[PDB]
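As a convention, Cβ positions derive from the backbone with ideal geometry for all residues, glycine included, and neighbour counts pool all protein chains shown. Just so you know, all these numbers are worked out from the coordinates, no wet-lab data involved.
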């Protein structure tokens, strides 16, 4: 996933759902898009936007690496919906909903 | 010698068949369970019934007629009286509304 | 007997679920009406 | 932020229960108006707050849409020229994220000032562009 800019930080984590708080200036996140939570300096965790509140807090549905998601971590926006590999190059493989093999 | 009504606030929100009013600062205020008139036009009004008097001053209204004409930000006049309807032998043989309109 | 027992189990489960949902709906309605007032704290002292 | 001593002292006091020209029902937009009125009454000048509200309204017309969501009154230069009470109230609102009540707070403050100064305001409602003739 290609990141564009930071769009806030992780605020609360209730199981598999999370809430973000806006970054300075409220860059904004497109609804129903995929966001990346920087769990580590080199690894990211997928999240799905499902709610854009008036105050600027974004509702996120964590997809993978939930155990490594903590409040205060930076979140980057891809700006696009979820896309997965498709074609004859995926036949015979075992994949997950995010397209990872 | 003027037909001075008693304005008590404005229409804040509309949710279907009920509305919420906001009182203008320094106004007489409406009484509980009384009828109010929402000025949908300089000559037309929509009836309503007071249902809630909240701490914030907002008033819960039950719209009775001309709901489609009600919009947020319209003036509201307080009659200060409960609901009264025509009664007598002259109403027999007629179809009427709960407000008495034939 | 088997049919009535199945109906009994189904009815009790539905009743428990409906009662719990009703109680939670009442609780949510009570919570929603609550409003957070102005905080009287030294905001500058931070 | 370094609020003045007077505003700090008044902030801790229970000014909400003090006497005011009118008995307005408590509300979020009424607390700020009461604080502004109590702060201005000590100095005796009320027109300063009105000028501050005018400046705020003029500045807000140029700020970006939904500026109140990310508004930082400290960083905004237009609010640097406001009086200490108004600036303190704006910072207080920004802390609570209630900058959308500026209009209501200004209205309540104007009502309090008019009541204190014994002024009666007669709203005249006219059609758009029909305000030319108001003799009647």
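Worth pointing out:
- Some residue of the range A:58-81 being at negative phi, touching a helix residue (DSSP H, G or I) at 6+ places or on another chain (Cβ under 9 Å) and within 14 Å of chain D (Cβ to nearest Cβ): no
- Qualifying residue in the range B:42-59 (condition: crowded, with 18+ Cβ neighbours inside 10 Å, over 13 Å from the mean Cα position of the chain (by Cα), under 30 Å from residue D:108 (Cβ atoms) and free of Cβ contacts under 8 Å to residues at least 60 places away in the same chain): yes
- Tally, over the range D:14-24, of residues that are in contact (Cβ under 8 Å) with a residue 24 or more places away in the chain and surrounded by 14 or more Cβ atoms within 10 Å (Cβ to Cβ): 3
Matching residues to (1) part of a loop (DSSP other than H, G, I, E, B); (2) within 14 Å of chain C (Cβ to nearest Cβ); (3) within 28 Å of residue B:8 (Cβ to Cβ); (4) in contact (Cβ under 8 Å) with a residue 12 or more places away in the chain:
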residue: D:7; (1), (2), (3), (4): no, yes, no, yes
residue: D:26; (1), (2), (3), (4): yes, yes, yes, no
residue: D:32; (1), (2), (3), (4): no, yes, yes, yes
residue: D:48; (1), (2), (3), (4): no, no, no, yes
residue: D:53; (1), (2), (3), (4): no, no, yes, yes
residue: D:64; (1), (2), (3), (4): yes, no, no, no
residue: D:72; (1), (2), (3), (4): yes, yes, no, yes
residue: D:76; (1), (2), (3), (4): yes, no, no, yes
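- Residue within the range A:87-101 that is closer than 30 Å to residue D:99 by Cβ, free of Cβ contacts under 8 Å to residues at least 24 places away in the same chain and away from chain D (no Cβ under 14 Å) present: no
- Residue in the range A:87-101 that is in contact with a strand residue (DSSP E or B) (Cβ under 8 Å, 6 or more places away or on another chain), within 30 Å of residue D:70 (Cβ to Cβ) and surrounded by fewer than 16 Cβ atoms within 10 Å (Cβ to Cβ) present: no
- Inter-residue pairs, beta-carbon under 6 Å, first facing chain D (nearest Cβ under 8 Å) and in the range C:27-46, second in a loop (DSSP other than H, G, I, E, B) and surrounded by 10 or more Cβ atoms within 10 Å (Cβ to Cβ), 6+ apart: C:44/D:1; C:44/D:3
- The residues of the range A:1-36 that are in contact with a helix residue (DSSP H, G or I) (Cβ under 9 Å, 6 or more places away or on another chain) and either farther than 19 Å from residue D:66 by Cα or touching a residue at least 12 places away in the same chain (Cβ under 8 Å) (or both), listed by number, are A:13, A:15, A:16, A:18, A:22, A:26.
- Selection count where residues are at the interface with chain C (Cβ under 9 Å from one of its Cβ atoms) and either touching a helix residue (DSSP H, G or I) at 6+ places or on another chain (Cβ under 7 Å) or closer than 15 Å to residue D:10 by Cβ (or both), scope the range D:94-110: 1
- Residue A:72 being closer than 30 Å to residue D:76 by Cα, touching a strand residue (DSSP E or B) at 6+ places or on another chain (Cβ under 8 Å) and loosely packed, with under 11 Cβ neighbours inside 10 Å: yes
- Number of the exception - residue C:41 against (1) within 30 Å of residue B:54 (Cβ to Cβ); (2) within 28 Å of the chain's Cα centre (by Cα): (2)
- Residue count for the range B:21-41, restricted to those that are buried (at least 17 other Cβ atoms within 10 Å of the Cβ), more than 18 Å from residue B:80 (Cβ to Cβ) and within 14 Å of chain D (Cβ to nearest Cβ): 2
- At least 1 residues being more than 19 Å from residue B:101 (Cα to Cα) is the threshold, and among the strands (runs of 3 or more DSSP E) wholly inside the range B:1-89 those reaching it are B:7-15, B:18-23, B:46-53, B:59-63, B:75-78.
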